[PDB]
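Heads up, the Cβs are rebuilt from the backbone with ideal geometry, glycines too, and the neighbour counts pull from every protein chain shown. Just so it is clear, none of the values below were taken in a lab; they were calculated from the coordinates.
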Number of protein chains: 2
Amino acid sequence: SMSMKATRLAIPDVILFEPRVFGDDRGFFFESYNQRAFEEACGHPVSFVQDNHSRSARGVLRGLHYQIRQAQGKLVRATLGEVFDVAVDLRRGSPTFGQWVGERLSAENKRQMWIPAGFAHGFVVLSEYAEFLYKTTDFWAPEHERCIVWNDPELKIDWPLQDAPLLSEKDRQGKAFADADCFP
Amino acid sequence: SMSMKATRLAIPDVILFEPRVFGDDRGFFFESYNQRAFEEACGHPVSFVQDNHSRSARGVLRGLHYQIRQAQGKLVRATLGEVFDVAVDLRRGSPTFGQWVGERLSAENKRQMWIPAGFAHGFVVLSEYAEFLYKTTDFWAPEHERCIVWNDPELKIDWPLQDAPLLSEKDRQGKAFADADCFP
Ligand SMILES: Cc1cn([C@H]2C[C@H](O)[C@@H](COP(=O)(O)OP(=O)(O)O)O2)c(=O)[nH]c1=O
Ligand SMILES: Cc1cn([C@H]2C[C@H](O)[C@@H](COP(=O)(O)OP(=O)(O)O)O2)c(=O)[nH]c1=O
């Protein structure tokens, strides 16, 4: 007699989902994705073709990522630990171009963020370790991958970090927002 | 060179998958599903409509489950702990009717099993806890759910468990193979 919750964020095309969880004498059960319910909430058809799975230590930051062609909508969640997850609008024609929203997603709260094509995405690990799962609307295309650097001074993203983040080299070498390839 | 691995089991429609895992000083990354790679391995198109997530304590056994109409193919894996996973051929006309295959799937080995429509499915938890994920080709339909009891004496499933399993009331009340609704 409860149900899945869907809430549009300050940038309305980004949606926060919360599944209905059933507990019992064995442990728990929930639907982590349902095509019908998801499409009703979004307002249009979306099909996914790839699922990705990462594990990251405390302080690791991955992002800010997007594919400029073969763009990927992303439905993301955390199945171990806790992350702060961020979406940045990179559509030049949008009234919220260059704005961002962020939410805490954890194994415990079971919250998910749907981040459509046209956005950049990243997360930082708050717990000892985190494992992060996501579904993508199109395939990996390394030639089309682009990166904006986490601490870009125009975006002004407030990551909850204690010391310097642990970054890959590609991410450490991300471009400035002012130099970045953006969507129409 | 390394890549995704796929191996047909003794009932050849059941496929054991193992992803290629990329490790670095942050942790790891892998594709847990890729529709191209999957369809190429099984030899036909597939569409998944629901993802499910459960948590279960040591000794818990769920199964043996199937839907007789709106039948669901299932791609299953473990993201925490270890289970013994079982697929049973319930297609009365099949040359392997009433046979079963089983494999150990764990968070660490990352193995997955593809169990097509027409099979019954079950697993037993061997670790402190296990979290089990699965994708389905059709939606949950409780009116069409059926169950065969875990210890049916004709199927003769060799569960690698020491003491008795913990079952739900539904699963304790599973039908005998001899009395069960089967597929043609
Ligand atoms: C995003 C992605 C990465 N990968 C591979 C490429 C890399 O070898 C590894 C990790 O990706 P990435 O974080 O880009 O690593 P690196 O900083 O070393 O380039 O996973 C896939 O196979 N599929 C994918 O969809
Ligand atoms: C399999 C499944 C179960 N459920 C619900 C039905 C139940 O209320 C709960 C647990 O499933 P189940 O184990 O079938 O019920 P029970 O615990 O009574 O044996 O999850 C879904 O919402 N979607 C699904 O796909």
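Please report the antiparallel percentage of the DSSP beta bridges confined to segment A:35-184, to the nearest 5.
On the way: 38 of 41 bridges.
Close to 95 percent.
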Exercise. All other residues with a Cβ under 9 Å from the Cβ of residue A:50 taken together, and with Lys, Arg as +1 and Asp, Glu as -1, what is their net charge?
Worked result: -1
Exercise. Taking chain A as a Gaussian network, Cα atoms linked when under 10 Å apart, which of A:51, A:24, A:163 shows the biggest mean-square fluctuation?
Worked result: A:24
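Residues with beta-carbon under 10 Å from that of residue A:78, excluding residue A:78: net charge, scoring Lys, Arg +1 and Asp, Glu -1? Before the final figure, lay out the partial values.
Working: positive: A:77, A:104, A:110, A:111; negative: A:82, A:85, A:108, A:131.
So the environment of residue A:78 carries a net charge of 0.
For chain B, what is the relative contact order in percent, using Cα pairs closer than 8 Å and at least 6 residues apart in sequence? Kindly include the intermediate steps, with their values, before the conclusion.
Numbers: 398 pairs, mean separation 52.1, N = 184.
Here the relative contact order equals 28 percent.
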For this session: Work out the length of the dipole vector of chain B about its Cα centre, built from +1 on the beta-carbon of each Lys and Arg and -1 on the beta-carbon of each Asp and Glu, and round it to the nearest 20 debye.
Result: 180 debye
For this session: Grab the Cα-Cα distance for residue B:144 and residue B:40, subtract it from 0.36 nm times how many residues apart they are, and report the gain in nm with one decimal.
Result: 34.4 nm
For this session: Have a look at B:119, B:78, B:150 and report the one farthest towards the positive end of the charge dipole of chain B, computed about the Cα centre with Cβ charges (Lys/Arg +1, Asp/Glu -1).
Result: B:119
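Give A:5/B:170; B:110/B:156; A:135/B:156; A:5/A:175 a once-over and call out the pairs whose C-alpha atoms are over 31 Å from each other. Display every interim value, and only then the final one.
On the way: A:5/B:170 29 Å; B:110/B:156 27 Å; A:135/B:156 38 Å; A:5/A:175 36 Å.
From the list (A:5/B:170; B:110/B:156; A:135/B:156; A:5/A:175), the Cα-Cα distance tops 31 Å for A:135/B:156; A:5/A:175.
Can you give the translational diffusion coefficient of chain A in µm²/s, computed by Stokes-Einstein from the Kirkwood radius over Cα pairs at 37 °C and 0.692 mPa s? Write down the numbers at each step before the final one.
On the way: Rh = 17.0 Å.
D, rounded to a whole number, is 193 µm²/s.
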Exercise. Roughly what percent of Cα-Cα pairs across segment A:101-147 reach past 12 Å?
Worked result: 73 percent
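Just to verify a number: FRET efficiency for residue A:163 and residue A:104, C-beta to C-beta distance, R0 = 22 Å, to 0.05? Spell out each step's value before the answer.
Values: r = 19 Å, r/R0 = 0.88.
E between residue A:163 and residue A:104, to the nearest 0.05, is 0.70.
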Exercise. Over the Cα atoms of segment A:95-184, how large are the radius of gyration and the largest Cα-Cα distance (Dmax), in Å?
Worked result: 14.1, 39
For this session: May I ask for log10 I(q)/I(0) of segment B:49-122 at q = 0.16, 0.20 Å⁻¹, from a Debye sum over the Cα atoms as equal point scatterers with solvent left out?
Result: -0.60, -0.91
Exercise. In whole Å, what are the Cα extents of the protein assembly as shown along the three principal axes, biggest one first?
Worked result: 70, 51, 38
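Once you keep just the Cα pairs under 8 angstrom separated by 6 or more residues, what percentage relative contact order results for segment B:116-176?
Numbers: 22 pairs, mean separation 25.0, N = 61.
The normalised contact order for segment B:116-176 reaches 41 percent.
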